[PDB]
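Here we start with a single chain on its own, the form deposited in one PDB entry, put down as structure tokens.
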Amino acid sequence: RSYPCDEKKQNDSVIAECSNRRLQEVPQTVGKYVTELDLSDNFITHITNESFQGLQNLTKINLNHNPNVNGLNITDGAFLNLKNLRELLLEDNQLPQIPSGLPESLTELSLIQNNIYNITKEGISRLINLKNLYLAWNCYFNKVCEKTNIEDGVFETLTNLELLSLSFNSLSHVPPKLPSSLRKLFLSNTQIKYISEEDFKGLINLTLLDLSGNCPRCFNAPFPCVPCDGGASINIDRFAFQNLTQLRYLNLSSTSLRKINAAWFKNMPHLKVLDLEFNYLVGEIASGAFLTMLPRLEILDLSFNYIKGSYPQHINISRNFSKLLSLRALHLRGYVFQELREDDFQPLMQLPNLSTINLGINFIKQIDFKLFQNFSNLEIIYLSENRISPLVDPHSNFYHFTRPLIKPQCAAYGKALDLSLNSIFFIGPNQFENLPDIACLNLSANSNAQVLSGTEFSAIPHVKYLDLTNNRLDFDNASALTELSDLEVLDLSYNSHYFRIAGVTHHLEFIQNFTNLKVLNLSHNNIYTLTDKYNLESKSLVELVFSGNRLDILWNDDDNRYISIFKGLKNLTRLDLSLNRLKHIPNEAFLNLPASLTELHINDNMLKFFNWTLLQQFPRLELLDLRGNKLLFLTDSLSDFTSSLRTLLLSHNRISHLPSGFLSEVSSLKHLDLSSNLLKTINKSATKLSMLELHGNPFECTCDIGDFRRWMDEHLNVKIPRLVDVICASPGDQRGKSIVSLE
């Protein structure tokens, strides 16, 4: 049993997860087999040639974010002992210089978020084996440095370097003497205003070049931002990319470009992805000579080149967009325009592989929706943050929202269409005419108050995943949504009435109708009474998320109407009853919970009593989640009630005693979470167990606890995570120390 780090196999090696544990120094108590050690986000202040002895097999060390709440003191040659160190991460360490005498065995070095202003031969030219060198975020908006200083030809000794990142350093100019081994050169936000012909010669293996943020488009810029003055674009010489014939990724976002020289791509027959966000290219989009130079371009971002002060009727799309044969995703966020017509997108209708059109946040009023029928491969039509009316961390892409436009689980069903955050206040009768066949649909957050009658979705009868979150919908008619017989997922999360006055009823009879409905989410609907039918019914449903409702009211109904609300959901395996303000559950009510359950969540309620006997009603149950409640005790023999339960989550409760033979014998239990409770100790009197969580208990650390210590040691198979936070409250002297420290 390791301490303080959590140690485990990874692939074919053993790894030491030692992060966020308040260590003031590299431990010497690390396993012998460990080759990767993560000490990041700690209180480590100094590193000497002695810190990592007896650990010479180490391949990778991560020291990021040390220390927390002056920087890190790295003695010279501190690491020269480690003859196998490949990857060394020193990020956010407040380093004042490149540490000297770093092992020549290194292949990946990261020194981002430090105060390093000199890049010297001393520091890193002995490191002939570097593949990946990351020096970013060192001089930006800081009294010093004035300017990062790059000793002429530091690199070039680096004949194996493939990745170099100098982004976010005041460089003013591209370093000369860069190795020809480079494939990826990151120079975002480096105050490089001009790109000579000479600057990138000899880099005939370049696959990626990042020059974003040079001559920022500073307008409404979240971070500080010093534009070039004259509002001038970066200045790239004509033939400046002529011997870059491998370039696959070019990121010119936020370089104040008005004009794009088609010369730049003359020798770039493979350009795959072009970032042009945060520029002034409305003009160039209208004409665009350069579009003829990019028959292999797969991803084009022209987002956020709107013209301040302006809100034009139509978008202007060059004919040349049709020369983009290989285009897969066109990102046209925040161009800002009112009407979009069939004819405006004629160019894109020919592109065979175009599957994503992103028209996010253009505040568009009218769209000619039939136009999307005319595309062989549209999979994702993303129209969030428009005005359609009813119809009668420095390791993140800084500029292009890379996470999915639409929830995988929704898009997985087919063509997706996102109309969230528009003006669709009711669903017009022509709302969805001329749409192609949509499988996934977002109407979230449209202040939408439709009285659903069963005819609103007839034009797209095959929607499978429907997101209606954050509207004001009325599904009192039991025909509601019936035209969607293939619907599999429904999200009514956060749905209320338009008045947001307390006292709203709900009819849930529409649910029973669906023969393959699988997931329904009524979270935060504030349901306290159903009208007429007091049972939900489904032969298909598998998941109901009922959180943020008033089951506390429903089950305390003195006349007993909701004793079986859920029983008729006959296939249900997962039920989330969290946040329902539950003090206790009528025994009768709990025994009507569908016997089919596998996972039950009653966490974050106010339960003070739980009838462990009732788990006999539930032969298939595996996960029971009673976290964040007010429970005082546990039944002294669980086995007798269930032989199915795998995981029991009790954390954030008021349990001070473990019953005798509680764990002897739970039998089928693997994960037990008794963390943040009121245990002071554990009897030896209290198995197939494999996680036991205990951090956050006010443990009395005397000789009484010694029982448990030797139970732990004689049960290494049972993981107990997070030891650091298994804290003695008493008796300080002991207080604050980990219960693994005593004798």
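Numbers for residues come from their place in the sequence shown, where the first is 1. Heads up, when I say rigid core I mean the largest set of C-alphas that superpose within 1.5 Å between the two forms.
The same protein also has a form deposited with a small molecule bound, omitted here; what follows describes it.
Contact annotation: of the candidates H671, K131, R86, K272, the single residue with a non-hydrogen atom within 4.5 angstroms of the small molecule in the deposited bound form is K272. Proximity to the small molecule in the deposited bound form, taken as a non-hydrogen atom within 4.5 angstroms, holds for one residue of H652, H400, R646, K193, which is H400.
Under a 4.5 angstroms non-hydrogen atom cutoff, the small molecule in the deposited bound form has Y249 among its neighbouring residues. The small molecule is not drawn, but in the deposited bound form it has no heavy atom within 4.5 Å of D199. Using a 4.5 Å cutoff between non-hydrogen atoms, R328 counts as a contact of the small molecule in the deposited bound form. Proximity of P619 to the small molecule in the deposited bound form: non-hydrogen atoms within 4.5 Å are absent; the residue sits far from the partner. Shown alone, this chain has one stretch from 624-632, 655-663, 297-305, 558-566 that lies within 4.5 Å of the small molecule in the deposited bound form by heavy atoms: 297-305. Among the candidates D636, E146, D343, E197, displacement between the shown form and the other one reaches 2 angstroms at the C-alpha for one position only, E146 (superposition on the rigid core).
Superposition on the rigid core between the shown form and the other one places the CA atom of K308 less than 2 Å from its counterpart. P222: CA moves less than 2 Å between the shown form and the other one after rigid-core fitting. Superposition on the rigid core between the shown form and the other one places the CA atom of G503 2 Å or more away from its counterpart. In contrast to the form presented, in the deposited bound form the C-alpha positions of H584 and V504 spread farther apart by 3 Å or more. Relative to the shown form, the CA atoms of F499 and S547 are brought 3 Å or more closer together in the deposited bound form.
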